[PDB]
Amino acid sequence: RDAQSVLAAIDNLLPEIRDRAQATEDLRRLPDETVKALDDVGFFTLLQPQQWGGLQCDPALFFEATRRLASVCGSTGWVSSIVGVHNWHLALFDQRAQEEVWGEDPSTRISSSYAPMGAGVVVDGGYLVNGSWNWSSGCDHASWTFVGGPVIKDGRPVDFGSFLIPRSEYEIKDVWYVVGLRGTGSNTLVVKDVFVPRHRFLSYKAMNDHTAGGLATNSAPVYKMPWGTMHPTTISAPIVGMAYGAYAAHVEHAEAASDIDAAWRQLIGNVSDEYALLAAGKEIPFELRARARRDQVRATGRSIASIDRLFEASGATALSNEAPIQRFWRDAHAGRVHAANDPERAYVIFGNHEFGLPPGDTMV
Amino acid sequence: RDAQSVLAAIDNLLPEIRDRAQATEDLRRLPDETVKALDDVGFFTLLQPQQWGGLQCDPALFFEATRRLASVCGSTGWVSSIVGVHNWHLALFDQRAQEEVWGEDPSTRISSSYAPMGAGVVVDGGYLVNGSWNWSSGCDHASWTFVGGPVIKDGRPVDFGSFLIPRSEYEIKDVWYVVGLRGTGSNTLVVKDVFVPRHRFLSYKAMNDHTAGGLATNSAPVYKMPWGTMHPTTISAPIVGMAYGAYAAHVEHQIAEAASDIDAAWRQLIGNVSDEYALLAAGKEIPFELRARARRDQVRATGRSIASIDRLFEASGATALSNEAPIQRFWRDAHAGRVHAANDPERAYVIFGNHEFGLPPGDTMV
Amino acid sequence: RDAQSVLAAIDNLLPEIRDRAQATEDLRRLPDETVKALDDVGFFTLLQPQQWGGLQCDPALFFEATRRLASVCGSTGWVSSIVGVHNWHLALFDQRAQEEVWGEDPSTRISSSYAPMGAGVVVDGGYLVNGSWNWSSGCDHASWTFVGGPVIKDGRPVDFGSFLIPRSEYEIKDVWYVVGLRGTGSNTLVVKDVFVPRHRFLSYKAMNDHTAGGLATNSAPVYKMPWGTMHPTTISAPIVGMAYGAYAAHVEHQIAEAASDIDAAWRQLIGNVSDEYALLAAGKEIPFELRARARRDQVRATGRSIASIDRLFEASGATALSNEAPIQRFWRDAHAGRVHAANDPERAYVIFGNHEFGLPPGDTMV
């Protein structure tokens, strides 16, 4: 079993997922059956390190899988991209954190809410974490979470990064009643006085430094991809895929099909350019990372324009609750509102360690 | 004595300030003589409330004053602007805080370092504040300071604002050995385990809300000016004056549009201040689109100004590099200003829409 | 020992030169240690003729050497470029002048001040020279100098060029207290009633004519490079290296196109040098259109470079102003360079078409 065969297995899975699209929406979280299928097929394995049975794959393939899923159910491609890429992010934590998550069951999953809605206060051996973090897509299908925030020491921020916390230490609050991406169950994680040892914190500085502890044991070049590319592409790729779905909803019933194609080639082109340099042991130029950032909005912007045109060119029946196209329209738009509210848009401007953050140019 | 006579009297000061310019750089902080002079002619009263003997003046006149000062000594104009506008900011604090600062001596001055380099953790009665804040322009001439940062409650940020703290409770570390703005004495403020009561913190949300406590006792329309305009104009105005200085220095030693770019940058900057103030004087609200223009104009004004200073610096003879040449000083002072402006965290705060770090919605900051 | 091994050996020098950078500024002239080091690895021989033990090297390699030096210490790269290229210039003087400088010690160095700040009046046997010439970079490390000016005969200018004069015949006035390029010791040369024989003047007409006396004994193709390219590249190359320095300093302390603008400015500058040299190596003539491109590229390269240094300076943190920050130094050194380039009289000489002041036709100067 390999990257290519997982992709094929996913292709085979699409009709089932398409027929439960509306069910998924009504549930407000992915059906266990979708999650079980994705697991069985090896999807969560794609960016997971080899030492845990994972395929540490070309990131372009991982994002292609998310595009396929999204083309059939916006919510499913969204949750899959986000929860699958967390296996990439965990590969960068020190080896003991990876063991604690994967050492018994390597199919264990990890959710996130990286927005700074809490903080870790330095205590002996780690941090005491408190906060209430919203928007954790797929959190009902993960037994660990990341939560983002600053580290506070002697009453001041000194660092910023992600805290890894097991499910027994947080509560999920069901708040997910929304206009689109309804089936993502992007619920709220409530964290009260939870001790987190240092080995289960990973600083944004270290990730962008190439000094993340996971890199000593996980050497595949995909783990050297920049955070500033992997993180927004996680969101952009399914949104592009939802445009493929809107288009196929419009057939099954101008420049559209090809404006969508061009949005895809641009988004993924930056990923493979980046990866091709790492696989040849070269460095990724800042200019390339800056270019990939600007193309996030160009590509989701082009996709969503195509979706709006299609939505308005599908008969009056387009407005019906019973109509796939309005679902892909709502889901892509919900996605872009999430994207447009991303606090890293601002982090990139910081140059002076504000709130424990790394130099902004490292975040690009 | 009104705003117009203060402005008139600042004019009488310019020759003396100009002469002292190298001495000011050498001191690395403003000479007592120039601070006393400015205090005597009433400069610090300009934006101070009338209940304290201030002129609560037209904010465009206050910025014009700083432009003139900076046209003779960049560091003097810089410190004057920043230290004077803090009398505006204290006016929005609740009356008890104002009483503590000014109740005995209404000539008392307040420095700032608004960058988040510390925090206040909620305790009984207020906040325990800790941090180390740099770039506090004119701090050696103040007996209180503002320091910016979040409020931490129950182990997380829940608000963001300024803590007002007396001079007995922090240490000034002298670290100001720099390429430009040498006479501003922009030193570092070290604060350890300092209790700040609630009436001495003012949230950015409250200021932008029109709910700041000081508004209940300071009713003048100037106190209704937006933070997102007043705060950067504090910096941009003396940088613009520094371009007027470079120009005069270039004329004295001997482009197509150096002179007219500088005057256009000025009309544009002070224009947004006048438009906003004109609405508040009429009992009207400032629209978001106006505050938005005023923000984009900060870089345009200061960018045009600095570009012209650059052409001037390059067209004043091969001696323009000499330490004795006024034009290298305006050039260094102006560029140093620009580095400060480009390092302002509020350029990022405007983008935040989700209460990140206790901050208010970013569009309120614009 | 060839040009390639010298370049290799300069690389070994860079760490030591970088460390000395603040010390160099403080001295206000290059430390003996760095001049000796450069002399020892053979740097000054690069463009010196083979009859004197020089390498009469590919001029693109000489400029690369200065780029590397300036990427660690702007002042060192600046002085190195200017003092080294004068061994190129002396090669065009007639053999008797070269013999006077180098006949005993071929390691002897020559400073310049080519700006017309003096004149030579025709006398029996040569010229009586008088003047006061500033900005002579590295003059404290030379035992001869060039000074530029017209020849006055029968009461009017009849020619224009450089007079070569030994150290015993002028005074160095120490006047170098400046905002940037502080370690270059660009001091002033005072010359009073000095007899210069005819073999120690070289006309700009003769150089541009291909009739310089030194060409009869120094046949290497490099001696055929145009003045109008070699002379400004001397300045532009280390300014470009200074941008490479600012970049490295910004990376070390922690734009879209800062790095790639800098490398594009370099390819463009060194590209015109390579194209010209490639024609001379083939026994071919350099066309006017190529020298013309090379001139317009001096401002483009140096402009792009400085713009990038400016973005960098503004994006390296609020401490970028500190005297201890490498990036302010590259910034000041680069801008100081630019003031020198913008004050060059040859920008005007190119426009003259009528022998004004003894000058050759302006298109020969391009």
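- As stated in the entry header, the method of structure determination is X-ray crystallography and the reported resolution is 2.00 Å.

## Here's the deal with the interface of chain A and chain B
Now for step 1: Contacts between chain A and chain B engage 25 residues on the former and 25 residues on the latter.
Now for step 2: Summed over both partners, the interface of chain A with chain B buries about 2000 Å², with 66% contributed by carbon and sulfur atoms.
Now for step 3: Contact with chain B buries surface across chain A, with A:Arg156, A:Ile349 and A:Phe355 losing the most and accounting together for 29% of the total.
Now for step 4: Inspection of the chain A/chain B interface yields zero salt bridges.
Now for step 5: The interface formed by chain A and chain B contains five residue pairs in polar contact.
Now for step 6: Among the elements of the structure, β2 (118–123), β3 (126–136), β4 (144–153), β5 (156–166) and α11 (344–347) of chain A are those that each provide at least two residues to the side of chain A that touches chain B.
Now for step 7: A per-class count over the side of chain A that touches chain B returns 14 nonpolar, seven polar and four charged.

## Quick word on the interface of chain B and chain C
Buried accessible area, meaning the area lost when the parts come together, often serves as the stated size of an interface.
Now for step 1: Taken together, the 24 residues of chain B in the interface contact 24 residues of chain C.
Now for step 2: Summing the contributions of chain B and of chain C, the shared interface buries around 2200 Å²; its carbon and sulfur component is 64%.
Now for step 3: Broken down residue by residue, the surface that chain B buries against chain C is led by B:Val179, B:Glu314 and B:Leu321, which jointly contribute 31%.
Now for step 4: Our count for the chain B to chain C interface comes out at two salt bridges.
Now for step 5: Of the charged contacts in the structure, one is a salt bridge between B:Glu314 and C:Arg338, with a shortest N-O distance of 3.3 Å.
Now for step 6: Listing elements by their share of the side of chain B that touches chain C, those giving two or more residues are α9 (288–314) and α10 (326–342) of chain B.
Now for step 7: Examining the composition of the side of chain B that touches chain C, we find that eight residues originate from one element, α10(B), more than from any other.
Now for step 8: Within the side of chain B that touches chain C, the residues separate by chemical class into twelve nonpolar, seven polar and five charged.

## A short note on the pairing of strand β1 (residues 110–113) of chain C
Residues and elements named next belong to chain C.
Now for step 1: Burial of β1 is two-sided: the residues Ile-110 and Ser-112 facing one way and the residues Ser-111 and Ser-113 facing the other way are all buried.
Now for step 2: As paired strands, β1 and strand β4 (residues 144–153) are joined by four bridges and run parallel to one another. Paired with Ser-111 across the strands is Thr-145, a residue of β4.

## Details of the nonpolar core
Now for step 1: A:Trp88, B:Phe43, B:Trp88, C:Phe43 and C:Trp88 are the most contacted members of the largest nonpolar core, which has 274 residues in total.
Now for step 2: Those residues within four positions of A:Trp88 in sequence are excluded, and the remaining contacts are A:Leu47, A:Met207, A:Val222, A:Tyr223, A:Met225, A:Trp227 and A:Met230.
Now for step 3: In terms of nonpolar packing, the next biggest core, distinct from the first, is built from 22 residues, A:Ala70, A:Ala249, A:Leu310 and A:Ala334 among them.

## Concerning unusual backbone geometry
Residue and element names in this part refer to chain A.
Now for step 1: The backbone phi angle of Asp-154 is positive, close to 55°, even though this residue is not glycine.
Now for step 2: With a relative accessible area of 68%, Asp-154 lands in the exposed category.
Now for step 3: One non-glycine residue, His-210, lies in positive phi territory at about 70°.
Now for step 4: The residue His-210 is located in the loop between α6 (204–209) and α7 (227–251) in this model.

## Here's the deal with helix α1 (residues 3–27) of chain B
All names here are of chain B.
Now for step 1: With 25 residues, α1 ought to run about 36 Å at 1.5 Å a step, yet its terminal C-alpha atoms sit only 30 Å apart, falling short of that.
Now for step 2: The largest bend along α1 reaches roughly 55° and is located at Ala-21.
Now for step 3: Listed as buried for α1 are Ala-3, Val-6, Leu-7, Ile-10, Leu-13, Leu-14, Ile-17, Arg-20, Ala-21, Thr-24 and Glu-25.
Now for step 4: Elements in contact with the buried residues of α1: α2 (32–41), α3 (59–70), α4 (74–90) and α10.
Now for step 5: A positive phi of about 75° marks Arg-28, the residue just after α1.

## So, the domain arrangement of chain B
Residues and elements named next belong to chain B.
Now for step 1: We note that the domain assignment places domain 1 (1–108), domain 2 (109–203) and domain 3 (204–366) within chain B.
Now for step 2: A C-alpha centroid distance of 17 Å is found between domain 1 and domain 3.
Now for step 3: With 35 residues of domain 1 at the interface, the matching set in domain 3 holds 35 residues.
Now for step 4: For the pair domain 1 and domain 3, the summed buried surface comes to about 2900 Å²; carbon and sulfur atoms form 67% of the total.

## Here we look at the pattern of salt bridges
Opposite charge on two side chains lets them pair, provided their charged atoms get close.
Now for step 1: Counting across every chain of the model gives 54 salt bridges over all chains.
Now for step 2: A salt bridge links A:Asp261 to A:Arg265; its shortest N-O distance comes to 2.5 Å. Placement of the pair is A:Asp261 and A:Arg265 together in helix α8 (residues 256–278), with a separation of four residues, close to one helical turn.
Now for step 3: With relative accessibility at 30%, the residue A:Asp261 sits in the partly exposed group.
Now for step 4: The salt bridge involving C:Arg295 is made with C:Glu346; its shortest N-O contact spans 3.0 Å. Taken together, the residues C:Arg295 in helix α9 (residues 288–314) and C:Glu346 in helix α11 (residues 346–349) connect sequence positions 51 residues apart. Pair check on accessibility: C:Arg295 and C:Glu346 agree, each one buried.
Now for step 5: Several salt bridges share partner residues, and in doing so they unite A:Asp11, A:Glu64, A:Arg67 and A:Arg68 into one network.

## Re the packing of helix α4 (residues 74–90) of chain A against α7(A)
All names here are of chain A.
Now for step 1: Direction vectors running N to C along α4 and α7 enclose 160°, while the axes themselves pass 8 Å from each other. Of the possible angle classes, the one that applies to α4 and α7 is roughly antiparallel. The way α4 lies across α7 gives a crossing that is right-handed. Contacts from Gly-74, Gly-77, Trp-78, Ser-81, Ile-82, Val-85, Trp-88 and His-89 of α4 reach α7 at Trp-227, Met-230, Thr-234, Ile-235, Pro-238, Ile-239 and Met-242.

## Things to note about the domain arrangement of chain A
Residue and element names in this part refer to chain A.
Now for step 1: The domains assigned to chain A are domain 1 (1–108), domain 2 (109–203) and domain 3 (204–364).
Now for step 2: Contacts between the two partners involve 17 residues from domain 2 and, on the opposite side, 19 residues from domain 3.
Now for step 3: The largest contributions to the domain 2 side of the interface with domain 3 come from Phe-160, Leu-181 and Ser-203, which together make up 36% of the buried area.
Now for step 4: Put simply, domain 2 and domain 3 have zero salt bridges between them.
Now for step 5: Seen at the junction of domain 2 and domain 3, the total is eight residue pairs in polar contact.
Now for step 6: Those elements that provide at least two residues to the side of domain 2 that touches domain 3 are β5 and β8 (201–203).
Now for step 7: A per-element tally of the side of domain 2 that touches domain 3 places β5 first, with six residues.
Now for step 8: Partitioned by chemical class, the residues of the side of domain 2 that touches domain 3 number eleven nonpolar, four polar and two charged.

Cut-offs applied
Residues numbered from 1 in each chain as written, not as in the entry; some residues may be left out. Chains lettered and ligands numbered in written order. Part of a larger assembly, values for the part shown. Heavy atoms only, no water. Contact = heavy atoms within 4.5 Å. Buried area = accessible area lost by both parts, 1.4 Å probe. Salt bridge = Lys/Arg side-chain N within 4 Å of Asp/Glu carboxyl O. Polar contact = N/O pair within 3.5 Å; in protein donor to acceptor, adjacent residues only side chain to side chain. Helix = DSSP H or I, 4+ residues; strand = E, 2+ residues; numbered from the N terminus. Nonpolar A, V, L, I, M, F, W, Y, C, P; charged D, E, K, R; others polar. Buried < 20%, exposed > 50% of the residue type's maximum accessible area, 1.4 Å probe, protein only. Pairing = 2+ DSSP bridges. Core = buried A, V, L, I, M, F, W, Y, C linked by side-chain atoms within 4.5 Å. Expected span 1.5 Å × (residues − 1). Bend = angle between axes of the 7 residues up to and from the residue. Domains from an automatic or database assignment. Axes fitted to C-alpha atoms, helices over the stretch in contact; angles between N-to-C directions. Parallel < 35°, antiparallel > 145°, perpendicular 65-115°, else oblique. Left-handed = near helix turned anticlockwise from the far one by under 90°.

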